[PDB]
Amino acid sequence: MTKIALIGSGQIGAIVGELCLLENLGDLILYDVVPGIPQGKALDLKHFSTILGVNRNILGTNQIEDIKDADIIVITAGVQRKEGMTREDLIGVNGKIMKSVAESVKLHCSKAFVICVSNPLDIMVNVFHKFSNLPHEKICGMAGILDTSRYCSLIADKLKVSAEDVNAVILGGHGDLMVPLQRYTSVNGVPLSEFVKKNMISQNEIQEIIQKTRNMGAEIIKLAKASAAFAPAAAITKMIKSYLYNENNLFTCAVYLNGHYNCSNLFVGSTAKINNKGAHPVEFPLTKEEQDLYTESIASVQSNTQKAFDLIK
Amino acid sequence: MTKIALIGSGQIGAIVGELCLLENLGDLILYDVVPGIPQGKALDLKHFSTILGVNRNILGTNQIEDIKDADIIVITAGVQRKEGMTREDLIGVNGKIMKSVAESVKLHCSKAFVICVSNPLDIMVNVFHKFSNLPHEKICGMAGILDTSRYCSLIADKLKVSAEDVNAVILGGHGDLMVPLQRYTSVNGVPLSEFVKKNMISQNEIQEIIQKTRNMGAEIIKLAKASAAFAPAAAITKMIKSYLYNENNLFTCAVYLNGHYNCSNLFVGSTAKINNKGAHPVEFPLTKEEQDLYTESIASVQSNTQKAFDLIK
Amino acid sequence: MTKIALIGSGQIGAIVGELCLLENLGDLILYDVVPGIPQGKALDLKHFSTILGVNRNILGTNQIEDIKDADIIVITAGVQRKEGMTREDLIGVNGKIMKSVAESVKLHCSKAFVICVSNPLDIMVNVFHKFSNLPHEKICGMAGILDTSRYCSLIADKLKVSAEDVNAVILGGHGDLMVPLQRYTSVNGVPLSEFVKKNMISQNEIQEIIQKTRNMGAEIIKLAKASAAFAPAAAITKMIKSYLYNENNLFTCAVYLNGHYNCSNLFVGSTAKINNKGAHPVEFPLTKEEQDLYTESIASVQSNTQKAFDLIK
């Protein structure tokens, strides 16, 4: 009975649709602006479903009114960045597309939980909120779970351990001003600081890893000649799952801050729980230096969000 | 008989129109997309003309077909940057506007000489060339004359001399990668190097001046809460005069390079002569270090020009 | 050595400063209440000066004490009217600002010649006189030259002649009660009445022109979405020139009447000469009907001037 609507049928959207079919999360509605594309991917996904014994319904469509009564909405519509571009270079073109999608969600399914993915991520979440007229808890963007997977993946490689239980918090905008927290990084419970004391990893090796985590999005674009698709989709699916199954998991994602971390009235990457009712920020006690870094990231997201609103007229 | 068409009736356009009326350079056509604005400024400029005894014709219009048979075209249409923004942040919105203007010039007056001013300058000149179908010598952008005026103005102040005969060459993009050439700076003929030997100015004071020249555009935006208008207009007028009167003056402006300075197929800030036939680059013998700096500037302009073409689809 | 102080660094002030630099009339002191604005315009004006080979000094300031020893003072401080407003609607807010400026001039440079421009013009001149404690010949307001340029410009267009030597007298307040004098309108010496006899223009066409001249201020505001700036500045610059160069030109401007045209103890738009010693009214022989119209205008100015003094407590 659950309806999952994918607004954008590119790489990310299709793979999210694939993962949702693998876990039987819901019926799919594959939407795109380009005719034929969603209908063809929906065909391929039905045949996939038949081979793997999944039976959920899949509809490919160019009529956005088919999004009605979606429980979940995943928004990937928009242009992706090429080599040499920043995520912020898409601000003009994607802001306008995000506004249009917002307007469509507004009239067709105002009760949905909305996961935004178009870049630059944090900025586009703010745009969607502005024109959608949905409650702020019902809107978020995925980024932190991707950046955290990259940072944890690198930490795990340097320590010669499974990535499976390396956890971390990364705060801030999905961009160069991310703030990975060493204090909030653990290996099956054991703080990262214990591995520095044991000389298994050095403060310089960690700064290196933080730099690679920042540039990772660009590095994949350079190498693969396309932006990351699989990890983003997995991250999104994890947020969907936490919402549908009321799991109340604690992630980093772009969420409405409201007095948390000395910030108010902005969507930005932060620690949050996701459940039945949506995405809810949680404030943890930062050091001065940590909060300073986080505020600096918040400031960019503030500026660029204003820039985005301005360029929409 | 000469027709001067101002595509854009903001600050810069109006002042250009004013300066053109002061020197009797031609009849004006004031064009803008926004209804009423050009017609009102035209009324003001008529009254100004009556007080100062200038008698040229002035037409304010929203019909871009009135640009027919313009001998000169000055393009200021586009958005200006606000505090905190770079010129490059306008790339998305202005590239689209510049293309549209290009298309209009193409069908309505293909024989005009075209001075582009919309930011980011060098990049927007390349866009205009691409979609206008005009010869490359008939297109340029003003920037170097403005940057030079700033640099020369600061040099003059430090040396306690008249700015009147302080001349200089600044190569490269109108941006943070400008290359002011100390070797090609003189004070009524006397090279700048003579003033360093005489201890009237130091190498550090010069580097300070170069930095202020680079940031000057932003510094005026911060202070005046609007971008510079008088100096840009005067620089534009100087280039118009050099074309109309066949003066063959040697400026820096954004010009088609074609094997000059190891660069081909790009409009970028360079040394050029302007006459009856348009803007013609001239190559001077640079040192390795000078050319290295210039090539680095050229590279940005290359990248960002590609970016601009990409974002136009 | 001449110092010209612009009290108010908006559109008009800056353009006045521009025109003063073009003719080398004096060093500029750009004052405004708003921090940064004059300093930024002064930068732009220096760079303008450098391109055009002008070398006068230009100081942007928020310290009104920098107005000391100004030979000339131009006052544009104040709020401008928007669409649908009359000039008289500013009476409350501008009267207070004018008083403050008066007080500052009083203590910092009592020997200056003062050209007031804030609206409603005639009323604000009277306010400045009251609180400034300067001789009445050393104070005037520009308006007539602007209204005359408009009327002459329209008469020139209808007669298919150069505006260059169409001259006219317009008496009275800068407002709906202007009194253009047909009898005192000539085309290179030839009275307007000769062109009516020759059927080149009709009495109705003239009344039409007079109506457009009255509404012209509002018509620009409507079309350009801002009030006229180039023509007001040129008028101002003309009055500056006539004072500095002792020209003894005969204009219409707001001047202290003292038994002239049956009026005493009021600044109001009238025929005057400007020279070294200030603005001096001159009475010409009016007809009964002309004088009646003029007295009616003078009455409004009287009333509204009283209103202004009242609203200042």
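Protein chains in written order, with the entry's author numbering: chain J, 1 to 313; chain N, 1 to 313; chain M, 1 to 313. Using N, Cα and C, we set each Cβ at its ideal position, and we do this for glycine too.
- Boundaries for N/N119: no beta strand (DSSP E) harbours it, and the DSSP string shows neither H nor E there.
- The C-alpha of M/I201 is placed about 36 angstroms away from the C-alpha of M/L266.
- Residue pairing from DSSP places N/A168 in a beta bridge opposite N/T185.
- With respect to chain M, the C-beta atom of N/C140 has no partner C-beta closer than 7 angstroms.
- In chain order, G84, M85 and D89 make up the part of chain J whose C-beta sits under 8 angstroms from the C-beta of N/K307.
- Within chain M, no residue has its CB atom less than 8 angstroms from the CB of N/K241, the nearest being about 11 angstroms off.
- With the criterion set as a beta carbon lying under 7 angstroms from some beta carbon of chain M, the members of the stretch 25-58 of chain N are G36, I37, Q39, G40, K41, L43, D44, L45, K46, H47, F48, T50, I51, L52, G53 and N55, in sequence order.
- C-alpha of J/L181 to C-alpha of N/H136: approximately 54 angstroms in a straight line.
- Contact holds between the stretch 270-278 of chain M and the stretch 238-249 of chain M, because three or more Cβ pairs, one in each stretch, are under 8 angstroms apart.
- Using a Cβ-Cβ cut-off of 8 angstroms, N/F267 is close to nothing in chain M; its nearest Cβ partner there is about 22 angstroms away.
- Among the CB atoms of chain N, one or more fall inside 7 angstroms of the CB of M/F230.
- For N/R81, the closest Cβ of chain M is not nearer than 7 angstroms.
- Within chain N, the residues placing a beta-carbon under 7 angstroms from that of M/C152 are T50, ordered along the chain.
- With 16 or more neighbouring CB atoms inside 10 Å of its own CB, N/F128 falls in the buried class.
- Boundaries of the alpha helix (DSSP H) harbouring M/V105: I91 to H108, taken from the DSSP string.
- Scanning chain N for C-beta atoms nearer than 8 angstroms to the C-beta of J/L177 yields nothing, as the closest lies near 15 angstroms away.
- Taking the Cα positions, J/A235 is about 14 angstroms away from J/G269.
- Using beta-carbon distances, N/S149 counts as an interface residue toward chain M, with a partner under 7 angstroms.
- Apart from sequence neighbours up to five positions away, the residues of its chain that approach M/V105 with a beta-carbon distance below 6 angstroms are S132, ordered along the chain.
- Taking a Cβ-Cβ cut-off of 8 angstroms, N/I209 has no neighbours in chain M, whose nearest Cβ is about 14 angstroms from it.
- Assignment of N/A143 by DSSP, reduced to helix, strand and coil, places it in the coil class.
- Non-local C-beta neighbours of J/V169 in its own chain, meaning closer than 7 angstroms and more than five positions away in sequence, comprise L181, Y184, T252 and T271, ordered along the chain.
- Below the 7 angstroms Cβ cutoff, chain N contributes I51 as neighbours of M/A235, in chain order.
- Comparing alpha-carbon positions, the option among M/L134, M/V125 and M/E208 lying closest to M/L154 turns out to be M/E208.
- Residues of chain N whose Cβ lies closer than 7 angstroms to the Cβ of J/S303 are, in chain order, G84.
- Taken through DSSP and simplified to helix, strand or coil, J/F284 comes out as coil.
- Counting the other Cβ atoms within 10 Å of the Cβ of N/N199 gives fewer than 16, which makes it exposed.
- Under the three-state reduction of DSSP, J/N24 is assigned to coil, being neither helix nor strand.
- Spanning the alpha carbons of N/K130 and N/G92 requires a straight line of approximately 16 angstroms.
- At a Cβ-Cβ threshold of 7 angstroms, J/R150 and J/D176 do not count as neighbours.
- DSSP places N/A231 within a helical segment (H, G or I) once states are collapsed to three.
- Taking a C-beta distance under 7 angstroms as the contact criterion, M/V101 and M/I75 qualify as a contact pair.
- N/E219 and J/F309 have their C-alpha atoms roughly 24 angstroms apart.
- Put simply, the backbone Cα of J/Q203 is about 52 angstroms away from that of N/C140.
- Shortest Cα-Cα distance from N/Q302 to any of N/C109, N/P120 and N/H47 involves N/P120.
- Contact check for J/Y256 and J/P281: beta-carbon distance about 7 angstroms, within the 8 angstroms limit, so the pair qualifies.
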